[PDB]
């Protein structure tokens, strides 16, 4: 196998997602090659094919499909800083006044990914407001704001370096969206 299946399933598990309905996106690393992204169900055979061909690996975090209109709920808010010392990125949520992430993800690239997982799926309007407030308070990359946003998948390589994305600092904690709305301005 060209990927770590345990990390893939752990990513889905921590997001309380169902592999049968999870959407995979394979994106070519070099913009100038103008290679079409794959949009397909997440399966081991498809990830195997995309990784060995040279694609980077992503999943749609929200549930329902590939476009914003197809998303009916999202199980987590999440974000990343565009840059900054990596070690600083791991802990910088604390100085922002954010609660501790449910888990974090090392991508192999320039950013740590932070996730806060809710106990129940969140409808798109409520989720959209929480995600926007999270971006504002932390100063995250403002690109990652739409309900069909894809995020780097754990257990697959960052193709530029070969480093395999890894989940770390999982706590098991689940947040409540109403409580989160109070702590996020």
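Residue numbers count along the first chain shown, from 1.
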Mean temperature factor over C-alpha atoms, higher-scoring stretch between 9 to 17 and 170 to 178: 170 to 178
Do the C-alpha atoms of 30 to 38 or of 51 to 59 have the higher average B factor in the entry? 30 to 38
The largest CA temperature factor among 86, 71, 105, 77 is found at 86
Residue, from 151, 137, 122, 154, that the PDB entry assigns the highest Cα B-factor: 137
Quick one: classify residue 110 as lowest, middle or highest third of the chain based on its Cα B-factor. highest
Sorting the chain's CA B-factors, does residue 101 end up in the lowest, middle or highest third? lowest
